[PDB]
$ cat entry27.txt   # compact mmCIF, N, CA and C atoms
# COMPACT_ATOMS: atom_id res chain seq x y z
N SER I 3 3.47 19.05 -2.78
CA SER I 3 1.98 19.16 -2.88
C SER I 3 1.35 18.66 -1.59
N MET I 4 0.12 19.12 -1.34
CA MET I 4 -0.68 18.72 -0.20
C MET I 4 -0.80 17.16 -0.15
N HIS I 5 -1.21 16.54 -1.25
CA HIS I 5 -1.34 15.06 -1.30
C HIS I 5 -0.01 14.32 -1.07
N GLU I 6 1.09 14.83 -1.62
CA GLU I 6 2.38 14.18 -1.44
C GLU I 6 2.84 14.26 0.03
N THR I 7 2.61 15.40 0.67
CA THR I 7 2.93 15.59 2.11
C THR I 7 2.08 14.62 2.99
N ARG I 8 0.77 14.57 2.69
CA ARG I 8 -0.16 13.64 3.38
C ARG I 8 0.31 12.21 3.21
N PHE I 9 0.69 11.86 1.98
CA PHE I 9 1.17 10.51 1.67
C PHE I 9 2.39 10.08 2.51
N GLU I 10 3.40 10.94 2.54
CA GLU I 10 4.59 10.71 3.36
C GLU I 10 4.26 10.53 4.86
N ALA I 11 3.37 11.36 5.39
CA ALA I 11 2.89 11.24 6.76
C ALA I 11 2.19 9.91 6.99
N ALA I 12 1.35 9.52 6.05
CA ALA I 12 0.59 8.27 6.17
C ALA I 12 1.53 7.05 6.16
N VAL I 13 2.49 7.07 5.28
CA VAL I 13 3.45 5.94 5.11
C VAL I 13 4.15 5.73 6.45
N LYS I 14 4.54 6.84 7.04
CA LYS I 14 5.19 6.81 8.35
C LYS I 14 4.33 6.24 9.44
N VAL I 15 3.04 6.60 9.43
CA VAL I 15 2.10 6.05 10.39
C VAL I 15 2.01 4.54 10.28
N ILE I 16 1.79 4.05 9.08
CA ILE I 16 1.64 2.61 8.84
C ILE I 16 2.89 1.83 9.18
N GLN I 17 4.05 2.37 8.83
CA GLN I 17 5.33 1.76 9.12
C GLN I 17 5.50 1.58 10.62
N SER I 18 5.02 2.56 11.37
CA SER I 18 5.20 2.58 12.81
C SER I 18 4.30 1.65 13.61
N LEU I 19 3.19 1.20 13.03
CA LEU I 19 2.24 0.38 13.81
C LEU I 19 2.84 -0.96 14.27
N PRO I 20 3.40 -1.76 13.35
CA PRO I 20 4.06 -3.02 13.81
C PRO I 20 5.19 -2.83 14.82
N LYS I 21 5.71 -1.60 14.94
CA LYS I 21 6.79 -1.28 15.86
C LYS I 21 6.38 -0.59 17.17
N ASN I 22 5.33 0.23 17.15
CA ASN I 22 5.02 1.13 18.28
C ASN I 22 3.68 0.88 18.98
N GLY I 23 2.88 -0.05 18.45
CA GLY I 23 1.60 -0.38 19.06
C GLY I 23 1.49 -1.85 19.44
N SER I 24 0.28 -2.24 19.82
CA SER I 24 -0.04 -3.64 20.02
C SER I 24 -0.89 -4.18 18.87
N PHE I 25 -1.30 -3.31 17.96
CA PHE I 25 -2.15 -3.67 16.84
C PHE I 25 -1.58 -3.13 15.56
N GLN I 26 -1.82 -3.84 14.47
CA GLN I 26 -1.39 -3.43 13.15
C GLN I 26 -2.42 -3.83 12.12
N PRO I 27 -2.32 -3.27 10.90
CA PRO I 27 -3.19 -3.73 9.85
C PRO I 27 -3.00 -5.23 9.52
N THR I 28 -4.06 -5.85 9.02
CA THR I 28 -3.97 -7.22 8.56
C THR I 28 -3.03 -7.36 7.38
N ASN I 29 -2.59 -8.58 7.12
CA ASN I 29 -1.76 -8.85 5.94
C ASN I 29 -2.43 -8.37 4.65
N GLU I 30 -3.74 -8.64 4.50
CA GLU I 30 -4.56 -8.12 3.39
C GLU I 30 -4.47 -6.62 3.23
N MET I 31 -4.63 -5.91 4.35
CA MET I 31 -4.49 -4.46 4.33
C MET I 31 -3.07 -4.02 3.98
N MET I 32 -2.04 -4.72 4.48
CA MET I 32 -0.66 -4.37 4.14
C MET I 32 -0.40 -4.52 2.63
N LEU I 33 -1.04 -5.51 2.01
CA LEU I 33 -0.90 -5.71 0.55
C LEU I 33 -1.60 -4.56 -0.18
N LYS I 34 -2.70 -4.10 0.37
CA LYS I 34 -3.40 -2.94 -0.21
C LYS I 34 -2.58 -1.70 -0.12
N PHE I 35 -2.01 -1.46 1.06
CA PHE I 35 -1.03 -0.40 1.21
C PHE I 35 0.14 -0.47 0.26
N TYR I 36 0.70 -1.66 0.13
CA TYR I 36 1.80 -1.86 -0.85
C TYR I 36 1.38 -1.49 -2.26
N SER I 37 0.19 -1.97 -2.68
CA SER I 37 -0.29 -1.67 -4.00
C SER I 37 -0.37 -0.14 -4.26
N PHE I 38 -0.93 0.61 -3.31
CA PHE I 38 -1.01 2.09 -3.53
C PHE I 38 0.38 2.76 -3.48
N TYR I 39 1.28 2.29 -2.61
CA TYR I 39 2.63 2.77 -2.50
C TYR I 39 3.38 2.63 -3.82
N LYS I 40 3.32 1.44 -4.41
CA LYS I 40 3.93 1.18 -5.71
C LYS I 40 3.31 2.08 -6.78
N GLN I 41 1.99 2.14 -6.81
CA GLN I 41 1.29 2.90 -7.85
C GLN I 41 1.57 4.39 -7.73
N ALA I 42 1.74 4.88 -6.51
CA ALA I 42 2.00 6.30 -6.26
C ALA I 42 3.43 6.71 -6.61
N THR I 43 4.35 5.76 -6.56
CA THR I 43 5.79 6.06 -6.63
C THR I 43 6.39 5.61 -7.97
N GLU I 44 6.03 4.40 -8.40
CA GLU I 44 6.53 3.81 -9.62
C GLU I 44 5.54 3.80 -10.78
N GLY I 45 4.28 4.06 -10.52
CA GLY I 45 3.28 3.98 -11.55
C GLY I 45 2.76 2.56 -11.73
N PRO I 46 2.10 2.29 -12.87
CA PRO I 46 1.40 1.03 -13.03
C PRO I 46 2.37 -0.15 -13.17
N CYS I 47 1.89 -1.31 -12.79
CA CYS I 47 2.68 -2.51 -12.73
C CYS I 47 3.17 -2.78 -14.19
N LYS I 48 4.41 -3.15 -14.29
CA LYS I 48 5.13 -3.23 -15.57
C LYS I 48 5.61 -4.64 -15.88
N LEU I 49 6.01 -5.36 -14.83
CA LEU I 49 6.72 -6.62 -14.97
C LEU I 49 5.75 -7.78 -15.09
N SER I 50 6.29 -8.94 -15.39
CA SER I 50 5.44 -10.14 -15.52
C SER I 50 5.17 -10.71 -14.12
N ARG I 51 4.14 -11.57 -14.00
CA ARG I 51 3.74 -12.14 -12.74
C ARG I 51 4.75 -13.18 -12.22
N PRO I 52 5.15 -13.10 -10.94
CA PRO I 52 6.07 -14.18 -10.47
C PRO I 52 5.44 -15.55 -10.55
N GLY I 53 6.28 -16.58 -10.50
CA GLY I 53 5.80 -17.95 -10.59
C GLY I 53 5.06 -18.49 -9.40
N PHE I 54 4.44 -19.65 -9.64
CA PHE I 54 3.55 -20.30 -8.66
C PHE I 54 4.26 -20.54 -7.33
N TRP I 55 5.55 -20.81 -7.45
CA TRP I 55 6.43 -21.13 -6.32
C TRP I 55 6.83 -19.89 -5.46
N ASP I 56 6.48 -18.67 -5.88
CA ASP I 56 6.80 -17.44 -5.12
C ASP I 56 5.49 -16.78 -4.64
N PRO I 57 4.93 -17.28 -3.53
CA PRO I 57 3.67 -16.75 -3.01
C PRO I 57 3.64 -15.26 -2.72
N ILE I 58 4.60 -14.73 -1.94
CA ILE I 58 4.55 -13.32 -1.51
C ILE I 58 4.71 -12.45 -2.78
N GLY I 59 5.58 -12.89 -3.69
CA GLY I 59 5.76 -12.24 -5.02
C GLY I 59 4.47 -12.13 -5.82
N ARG I 60 3.73 -13.23 -5.88
CA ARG I 60 2.45 -13.28 -6.53
C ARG I 60 1.40 -12.45 -5.85
N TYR I 61 1.33 -12.47 -4.52
CA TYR I 61 0.31 -11.67 -3.82
C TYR I 61 0.53 -10.17 -4.01
N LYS I 62 1.81 -9.79 -3.92
CA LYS I 62 2.27 -8.46 -4.20
C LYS I 62 1.87 -8.00 -5.60
N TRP I 63 2.26 -8.79 -6.60
CA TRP I 63 1.98 -8.46 -7.98
C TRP I 63 0.48 -8.35 -8.32
N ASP I 64 -0.31 -9.33 -7.88
CA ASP I 64 -1.71 -9.28 -8.09
C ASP I 64 -2.34 -7.99 -7.51
N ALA I 65 -1.93 -7.62 -6.30
CA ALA I 65 -2.47 -6.41 -5.68
C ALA I 65 -2.10 -5.14 -6.48
N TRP I 66 -0.81 -5.00 -6.80
CA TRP I 66 -0.35 -3.85 -7.59
C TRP I 66 -1.02 -3.83 -8.99
N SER I 67 -0.97 -4.97 -9.73
CA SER I 67 -1.56 -5.02 -11.05
C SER I 67 -3.04 -4.64 -11.08
N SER I 68 -3.75 -4.98 -10.01
CA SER I 68 -5.20 -4.74 -9.85
C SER I 68 -5.60 -3.27 -10.00
N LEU I 69 -4.66 -2.36 -9.73
CA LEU I 69 -4.94 -0.92 -9.75
C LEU I 69 -5.02 -0.32 -11.15
N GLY I 70 -4.59 -1.05 -12.19
CA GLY I 70 -4.71 -0.51 -13.57
C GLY I 70 -4.11 0.88 -13.79
N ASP I 71 -4.94 1.79 -14.28
CA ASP I 71 -4.42 3.07 -14.69
C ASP I 71 -4.57 4.14 -13.61
N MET I 72 -4.80 3.74 -12.38
CA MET I 72 -4.74 4.69 -11.27
C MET I 72 -3.52 5.61 -11.40
N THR I 73 -3.74 6.92 -11.31
CA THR I 73 -2.64 7.85 -11.40
C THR I 73 -1.81 7.83 -10.06
N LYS I 74 -0.65 8.47 -10.12
CA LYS I 74 0.20 8.62 -8.89
C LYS I 74 -0.52 9.39 -7.81
N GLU I 75 -1.17 10.50 -8.13
CA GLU I 75 -1.91 11.26 -7.15
C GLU I 75 -3.12 10.52 -6.61
N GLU I 76 -3.83 9.79 -7.47
CA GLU I 76 -4.95 9.01 -6.99
C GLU I 76 -4.49 7.92 -6.02
N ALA I 77 -3.32 7.34 -6.30
CA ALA I 77 -2.79 6.31 -5.41
C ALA I 77 -2.34 6.94 -4.05
N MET I 78 -1.79 8.12 -4.10
CA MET I 78 -1.52 8.85 -2.82
C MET I 78 -2.78 9.12 -1.99
N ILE I 79 -3.83 9.60 -2.62
CA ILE I 79 -5.11 9.82 -2.00
C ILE I 79 -5.63 8.51 -1.43
N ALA I 80 -5.60 7.45 -2.25
CA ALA I 80 -6.05 6.13 -1.78
C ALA I 80 -5.32 5.61 -0.51
N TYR I 81 -4.01 5.73 -0.50
CA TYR I 81 -3.18 5.32 0.61
C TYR I 81 -3.56 6.09 1.86
N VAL I 82 -3.68 7.41 1.75
CA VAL I 82 -4.04 8.25 2.84
C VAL I 82 -5.42 7.92 3.40
N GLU I 83 -6.38 7.74 2.51
CA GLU I 83 -7.77 7.42 2.86
C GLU I 83 -7.84 6.07 3.60
N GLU I 84 -7.04 5.10 3.16
CA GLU I 84 -7.00 3.77 3.79
C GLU I 84 -6.39 3.82 5.19
N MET I 85 -5.31 4.58 5.33
CA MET I 85 -4.71 4.83 6.60
C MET I 85 -5.73 5.49 7.56
N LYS I 86 -6.43 6.51 7.11
CA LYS I 86 -7.39 7.21 8.00
C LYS I 86 -8.45 6.24 8.52
N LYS I 87 -8.94 5.40 7.61
CA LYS I 87 -9.99 4.40 7.90
C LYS I 87 -9.47 3.38 8.93
N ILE I 88 -8.24 2.90 8.75
CA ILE I 88 -7.67 1.98 9.73
C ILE I 88 -7.46 2.65 11.10
N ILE I 89 -6.94 3.87 11.12
CA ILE I 89 -6.63 4.54 12.36
C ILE I 89 -7.96 4.87 13.12
N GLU I 90 -9.01 5.14 12.38
CA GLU I 90 -10.32 5.42 12.98
C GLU I 90 -10.89 4.23 13.78
N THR I 91 -10.53 3.01 13.38
CA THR I 91 -11.10 1.79 13.96
C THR I 91 -10.16 1.08 14.93
N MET I 92 -8.86 1.38 14.85
CA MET I 92 -7.81 0.54 15.48
C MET I 92 -7.16 1.18 16.71
N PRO I 93 -7.19 0.48 17.88
CA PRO I 93 -6.58 0.95 19.14
C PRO I 93 -5.07 1.26 19.02
N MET I 94 -4.68 2.47 19.42
CA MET I 94 -3.31 2.96 19.24
C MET I 94 -2.53 2.93 20.55
$ encode --input "entry27.txt" --output "structure tokens"
Amino acid sequence: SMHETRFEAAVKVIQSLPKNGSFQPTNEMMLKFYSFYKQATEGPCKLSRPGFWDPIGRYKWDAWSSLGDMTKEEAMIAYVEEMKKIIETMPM
């Protein structure tokens, strides 16, 4: 599908920024990207929240859980739209 192809292209773009540029998305933005990636591929968050002692686990889970019943296609659209917005503002 058009959205699935766009999604794969976008994922590649984001993956490449910490490797091929001098600038990358913020940690906050990376968690947002993770949330849409999970929602697009695995669907809605299923598991219980990690414990207080696992910060990155908790930040991850909170971001993914936040999306609720977002569909897989909506999460692909969201990921792509977020990537476009970052690329529009960020020196490459």
$ select_by_dssp --input "entry27.txt" --residues "chain I" --states "alpha helix (DSSP H)" --output "ChimeraX atom specification"
/I:4-22,29-43,57-67,74-91
$ closest_residue --input "entry27.txt" --among "I:76, I:90, I:30, I:84" --to "residue 42 of chain I" --atoms "only C-alpha atoms"
I:76
$ residues_near_point --input "entry27.txt" --point "(0.6, -6.8, -5.8)" --cutoff "8 Å" --atoms "all atoms listed in the file" --output "VMD selection string"
chain I and resid 33 to 34 36 to 38 58 to 69
$ closest_residue --input "entry27.txt" --among "I:94, I:39, I:18, I:50" --to "residue 78 of chain I" --atoms "only N, CA and C atoms"
I:39
$ closest_residue --input "entry27.txt" --among "I:46, I:4, I:32, I:92" --to "residue 72 of chain I" --atoms "all atoms listed in the file"
I:46
$ atom_distance --input "entry27.txt" --atom1 "atom N of residue 81 of chain I" --atom2 "atom N of residue 55 of chain I"
29.1 Å
$ atom_distance --input "entry27.txt" --atom1 "atom N of residue 43 of chain I" --atom2 "atom CA of residue 73 of chain I"
8.8 Å
$ residues_around --input "entry27.txt" --residues "residue 82 of chain I" --least-positions-apart "2" --cutoff "8 Å" --atoms "only N, CA and C atoms" --output "PyMOL selection string"
chain I and resi 8-13+38+76-80+84-88
$ atom_distance --input "entry27.txt" --atom1 "atom CA of residue 28 of chain I" --atom2 "atom N of residue 70 of chain I"
21.7 Å
$ residues_around --input "entry27.txt" --residues "residue 24 of chain I" --least-positions-apart "4" --cutoff "8 Å" --atoms "only N, CA and C atoms" --output "list in words"
residues 19, 20, 93 and 94 of chain I
